[PDB]
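Chemist: Residue numbers (the authors' numbering), protein chains in the order written: chain c4, 303 to 452; chain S1, 518 to 575, 596 to 630, 638 to 713, 718 to 746, 775 to 900; chain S2, 1029 to 1059, 1064 to 1083, 1095 to 1105, 1119 to 1129, 1141 to 1156.
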Amino acid sequence: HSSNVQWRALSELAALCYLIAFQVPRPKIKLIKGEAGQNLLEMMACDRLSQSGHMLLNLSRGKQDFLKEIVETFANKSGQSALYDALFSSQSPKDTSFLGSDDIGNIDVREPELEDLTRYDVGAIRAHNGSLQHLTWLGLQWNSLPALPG
Amino acid sequence: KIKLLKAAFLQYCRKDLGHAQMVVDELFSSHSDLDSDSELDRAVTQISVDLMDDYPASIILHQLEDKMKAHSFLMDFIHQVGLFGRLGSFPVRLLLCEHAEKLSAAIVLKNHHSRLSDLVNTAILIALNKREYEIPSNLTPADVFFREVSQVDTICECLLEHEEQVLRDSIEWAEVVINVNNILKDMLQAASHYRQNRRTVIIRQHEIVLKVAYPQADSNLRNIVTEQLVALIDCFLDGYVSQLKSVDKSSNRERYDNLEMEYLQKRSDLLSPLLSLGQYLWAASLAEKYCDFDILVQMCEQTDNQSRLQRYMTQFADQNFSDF
Amino acid sequence: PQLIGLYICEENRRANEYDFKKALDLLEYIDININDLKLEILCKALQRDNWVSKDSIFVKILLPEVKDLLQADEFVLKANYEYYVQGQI
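1. Taking 9 Å as the CB-CB limit, is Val411 (chain c4) close to chain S1?
2. Whole angstroms are fine: how far does the CA of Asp1081 (chain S2) sit from the CA of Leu669 (chain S1)?
3. Since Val1152 (chain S2) contacts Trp1083 (chain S2) with CB under 8 Å, what's their CB separation in whole angstroms?
4. Are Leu321 (chain c4) and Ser354 (chain c4) close, meaning C-beta to C-beta below 9 Å?
5. Could you tell me whether the Cβ atoms of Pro680 (chain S1) and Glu1039 (chain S2) are closer together than 9 Å?
6. With DSSP as the reference, identify every bridge partner of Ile668 (chain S1), one or two as the case may be.
7. For residue 454 (chain c4), does the count of other Cβ atoms within 10 angstroms reach 16, so buried, or fall short, so exposed?
8. Starting from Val373 (chain c4), find everything on chain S1 with Cβ-Cβ shorter than 8 Å and list it in chain order.
9. Between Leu521 (chain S1) and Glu692 (chain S1), what straight-line distance do the alpha-carbon atoms span, to the nearest angstrom?
10. Which of the three DSSP states is assigned to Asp418 (chain c4) in this structure?
11. In the DSSP assignment, find the unbroken alpha helix (DSSP H) run with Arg310 (chain c4) in it and report its ends.
12. For a contact meaning CB atoms closer than 9 Å, what does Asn431 (chain c4) contact in chain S1?
13. Take every Cβ of the segment 374-389 of chain c4, pair it with every Cβ of the segment 841-855 of chain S1, and state whether three or more of those distances are shorter than 8 Å.
14. Determine, using beta carbons only, whether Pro1120 (chain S2) comes closer than 9 Å to chain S1.
15. From the beta carbon of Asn881 (chain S1), is the nearest beta carbon of chain c4 less than 9 Å away?
16. Among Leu704 (chain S1), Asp810 (chain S1) and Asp833 (chain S1), which has the Cα closest to the Cα of residue 587 (chain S1)?
17. With a 10 Å radius around its C-beta and 16 neighbouring C-beta atoms as the bar for buried, classify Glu877 (chain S1) as buried or exposed.
18. Please state the DSSP three-state secondary structure of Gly1033 (chain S2).
19. Relative to chain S1, which residues along the segment 364-391 of chain c4 have a C-beta separation below 7 Å, given in chain order?
20. On the premise that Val652 (chain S1) lies in contact with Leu683 (chain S1), defined as a C-beta separation below 8 Å, what is that separation, rounded to the nearest angstrom?
21. Taking C-beta pairs closer than 9 Å, name the residues in chain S2 that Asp662 (chain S1) reaches, listed in chain order.
22. What do you get for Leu611 (chain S1), buried or exposed, if any count of 16 or more other CB atoms within 10 angstroms of its CB means buried?
23. Between the segment 534-549 of chain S1 and the segment 656-665 of chain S1, do at least 3 Cβ pairs fall closer than 8 Å?
24. Do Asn729 (chain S1) and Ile784 (chain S1) have their beta-carbon atoms positioned less than 9 Å apart in this structure?
25. Excluding five sequence neighbours on each side, which residues of the same chain lie with their C-beta closer than 8 Å to the C-beta of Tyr1148 (chain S2)?
26. Excluding five sequence neighbours on each side, which residues of the same chain lie with their C-beta closer than 6 Å to the C-beta of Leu840 (chain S1)?
27. Would you mind stating whether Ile597 (chain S1) and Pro1120 (chain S2) have Cβ atoms separated by less than 9 Å?
28. Can you grab the Cα-Cα spacing for the pair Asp734 (chain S1) / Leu342 (chain c4), in whole Å?
29. Would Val725 (chain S1) and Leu732 (chain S1) be called neighbours here (beta carbons separated by less than 9 Å)?
30. Less than 8 Å between the CB atoms is what I'm expecting for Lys646 (chain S1) and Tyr742 (chain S1), so what's the real figure, rounded?
31. Taking 9 Å as the cut-off, decide whether the C-beta atoms of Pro395 (chain c4) and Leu358 (chain c4) are in contact.
32. Please list, in chain order, all residues of the same chain as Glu314 (chain c4) whose beta carbon is under 7 Å from its beta carbon, the five residues on each side excluded.
33. Residues in its own chain within less than 6 Å of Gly622 (chain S1) by CB, not counting five upstream and five downstream?
34. Once DSSP output is grouped into helix, strand and coil, what is the label at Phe400 (chain c4)?
35. Pick out whichever of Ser549 (chain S1), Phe614 (chain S1) and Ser555 (chain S1) has its Cα sitting closest to the Cα of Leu568 (chain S1).
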């Protein structure tokens, strides 16, 4: 909704967010008590990697190695305060806010591989109960890619 | 003379058991003393400082803790018997007690950290100052590397530059150049909080800023930040000590006090430019640490679209508007 | 004694950090001269170094145990005895 200057800065900020998310490893599924619980947790993991994945790409296709710049410039702790700033009102206590205390260490800054992305999508089809919204989105996200979805 | 500083060093020994007798050797001191302020009072300063040097020359840690307590009941057995004068700080050598305190908390901060890489940089740092007795007794030693530990910092830096010449940078070699950054840092964090409970040193810090700048050129993202929050932790202790020395000196001989300003001001500019590539999320804290250095935080607000930051800067400021 | 002295023999060829660390753990198992041996062993701890191991054994202990001037009884002995006054501190 906002202007262009805010868009780029915000998309820059968002690119970092999606990146942080994608980096997060697949959760330890074996560690759950039951079959239903663990399958659920994994399902969400696939959803995270898939959604963030396509976003990371669509934002990185704008420019050449656009992702590298995002990390090299905002991975700095200065970005953490610029993120808290744009998202929240600074008046709230910045101590008990998880966003301000997270240890952003060694962002992979590696664009996602299509083959990995496919198995993330396929595993997350049941993430949103297969709403035609979900699939029509994925199908469109793959509409710009050189590899087609299964 | 030596007969005097060996007579108060004998009255402090009794100043742990009782006082009456020691208070009469301080009373014999005030009547038998010289009492000409300008140097005879800096002849009993050169005595209280020659016994603080010997309580620092003194189970190597529990034995260096017993010595920060000893130099603490020696600073209490001076406040009472008084001991309310003398000061021969001059150049290179009361601030001298605090300083020898601060460096005994530094000696316990690198005693608490003992691993094979620092113990090697220390043995290289002591074999360079002189030879060691090889009758076992190989720390290779500390009780004299305390009265002078300032030197095992400028040498455990020359052993990170020869361990960086072989580093071949390659990832495990940029993890060994940060492990040392983290110790010289929290050894400077230990001298700061020992002052709250109240040109070689500096060169070795501007040397590891530049080597912490060459490495983030090739480094996994997160790591390049932790050594940046570190070189920001360290630069904020140097700029704090040049601020405290400024405030210490004022008025007449001002020419020397406005030439040392230009020197710290050409460095908060050389620490700013250095942080111009780095994250500006730390700029806000570097700008607040040397709480003006506005020219740097004012050009960080200009490079971005934060007309909100340059409004937040002028919102909390004393005449920044006439400055911006 | 026999143990400490046998763990340090020139016969024990592959003697590594653990052989001396344990030859300094068997000193509280005595009941004659303590600090004569404390030296005897730190000294063959260097003969084997061929001026790495001294390094490590000072890394394994965590200090005014070791001697010094008494020891030399030399360029990196003092050199390691400086970042050994920073370590203990």
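Where is the CB? At the ideal position from N, CA and C, for every residue including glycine.
Modeler: Taking the structure as given:
1. One-based indexing of the first sequence puts residue 411 (chain c4) at position 109. With 9 Å as the cut-off, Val411 (chain c4) counts as an interface residue toward chain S1.
2. Along the second sequence, one-based indexing puts residue 669 (chain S1) at 125. Along the third sequence, one-based indexing puts residue 1081 (chain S2) at 49. Those two C-alpha atoms are separated by around 18 Å.
3. As a working mapping, residue 1152 (chain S2) is identified with position 85 in the third sequence. As a working mapping, residue 1083 (chain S2) is identified with position 51 in the third sequence. Rounded, the Cβ-Cβ distance is 20 Å, inconsistent with contact.
4. For the purposes of this step, residue 321 (chain c4) is identified with residue 19 of the first sequence, where counting begins at 1. For the purposes of this step, residue 354 (chain c4) is identified with residue 52 of the first sequence, where counting begins at 1. Cβ atoms of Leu321 (chain c4) and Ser354 (chain c4): closer than 9 Å.
5. Along the second sequence, read from residue 1 onward, the residue named residue 680 (chain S1) stands at position 136. Along the third sequence, read from residue 1 onward, the residue named residue 1039 (chain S2) stands at position 11. Not a contact, by the Cβ cut-off of 9 Å.
6. Against the second sequence, residue 668 (chain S1) aligns to sequence position 124. DSSP lists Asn1147 (chain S2) as partners of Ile668 (chain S1).
7. Outside the shown range of chain c4, which is 303 to 452, sits residue 454 (chain c4), and nothing can be said about it.
8. Taking the first sequence and counting its residues from 1, one reaches residue 373 (chain c4) at position 71. Neighbours of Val373 (chain c4) on chain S1, chain order: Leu797.
9. On the second sequence, residue 521 (chain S1) is found 4 positions in, with the first residue counted as 1. On the second sequence, residue 692 (chain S1) is found 148 positions in, with the first residue counted as 1. Between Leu521 (chain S1) and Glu692 (chain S1), the C-alpha separation is close to 25 Å.
10. The residue given as residue 418 (chain c4) occupies position 116 in the first sequence. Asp418 (chain c4) falls in the helix class under three-state DSSP.
11. By one-based count along the first sequence, residue 310 (chain c4) stands at place 8. In the DSSP annotation of this structure, the continuous segment of the alpha helix (DSSP H) that includes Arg310 (chain c4) starts and ends at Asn306 to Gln325.
12. The residue you call residue 431 (chain c4) lines up with position 129 of the first sequence. Neighbours of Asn431 (chain c4) on chain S1: none; closest Cβ ~36 Å, over 9 Å.
13. yes
14. Reading the third sequence from its first residue, position 64 is the one you call residue 1120 (chain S2). Cβ-Cβ to chain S1 under 9 Å: yes for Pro1120 (chain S2).
15. Numbered from its first residue, the second sequence carries residue 881 (chain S1) at position 305. Yes, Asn881 (chain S1) counts as interfacial toward chain c4.
16. The residue list of chain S1 ends a segment at 575 and starts the next at 596, so residue 587 (chain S1) has no coordinates to report.
17. The residue labelled residue 877 (chain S1) in the question sits at position 301 within the second sequence. Buried is the call here.
18. What you label residue 1033 (chain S2) is simply residue 5 of the third sequence in a count that begins at 1. It is helical.
19. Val373, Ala377, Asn378, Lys379, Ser380, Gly381, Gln382, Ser383 and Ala384
20. Counted from its first residue, the second sequence places residue 683 (chain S1) at position 139. Counted from its first residue, the second sequence places residue 652 (chain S1) at position 108. Not a contact, Cβ separation roughly 14 Å.
21. For the purposes of this step, residue 662 (chain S1) is taken as residue 118 along the second sequence, with counting starting at 1. The answer, in chain order, is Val1102, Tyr1150, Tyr1151, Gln1153 and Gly1154.
22. On the second sequence, residue 611 (chain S1) is found 74 positions in, with the first residue counted as 1. Classification for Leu611 (chain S1): buried.
23. no
24. Here the question's residue 784 (chain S1) lines up with position 208 in the second sequence. Here the question's residue 729 (chain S1) lines up with position 181 in the second sequence. Result yes, Cβ atoms of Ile784 (chain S1) and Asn729 (chain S1) sit closer than 9 Å.
25. Your numbering for residue 1148 (chain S2) matches position 81 in the third sequence. These residues qualify, in order along the chain: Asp1124.
26. Your numbering for residue 840 (chain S1) matches position 264 in the second sequence. Excluding sequence neighbours, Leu840 (chain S1) sits near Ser818.
27. Counting from one through the second sequence, the residue named residue 597 (chain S1) turns up at place 60. Counting from one through the third sequence, the residue named residue 1120 (chain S2) turns up at place 64. Contact flag set, yes.
28. The residue given as residue 734 (chain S1) occupies position 186 in the second sequence. The residue given as residue 342 (chain c4) occupies position 40 in the first sequence. Rounded to the nearest whole angstrom, the C-alpha separation of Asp734 (chain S1) and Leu342 (chain c4) is 44 Å.
29. The count along the second sequence starts at 1 and reaches residue 725 (chain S1) at position 177. The count along the second sequence starts at 1 and reaches residue 732 (chain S1) at position 184. Cβ atoms of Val725 (chain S1) and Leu732 (chain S1): not closer than 9 Å.
30. The residue you call residue 646 (chain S1) lines up with position 102 of the second sequence. The residue you call residue 742 (chain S1) lines up with position 194 of the second sequence. The Cβ separation is near 5 Å, so the contact holds.
31. Along the first sequence, one-based indexing puts residue 395 (chain c4) at 93. Along the first sequence, one-based indexing puts residue 358 (chain c4) at 56. Cβ distance not < 9 Å, so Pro395 (chain c4) and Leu358 (chain c4) don't count as in contact.
32. Counting from one through the first sequence, the residue named residue 314 (chain c4) turns up at place 12. Excluding positions up to five away in sequence, the list reads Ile372 and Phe376.
33. Taking the second sequence and counting its residues from 1, the one referred to as residue 622 (chain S1) is at position 85. Result list for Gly622 (chain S1): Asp558, in chain order.
34. Residue numbering aside, residue 400 (chain c4) sits at position 98 when the first sequence is read from its first letter. Assignment of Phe400 (chain c4) by DSSP, reduced to helix, strand and coil, places it in the helix class.
35. In the second sequence, the residue the question calls residue 568 (chain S1) occupies position 51. Answer by Cα proximity: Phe614 (chain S1).
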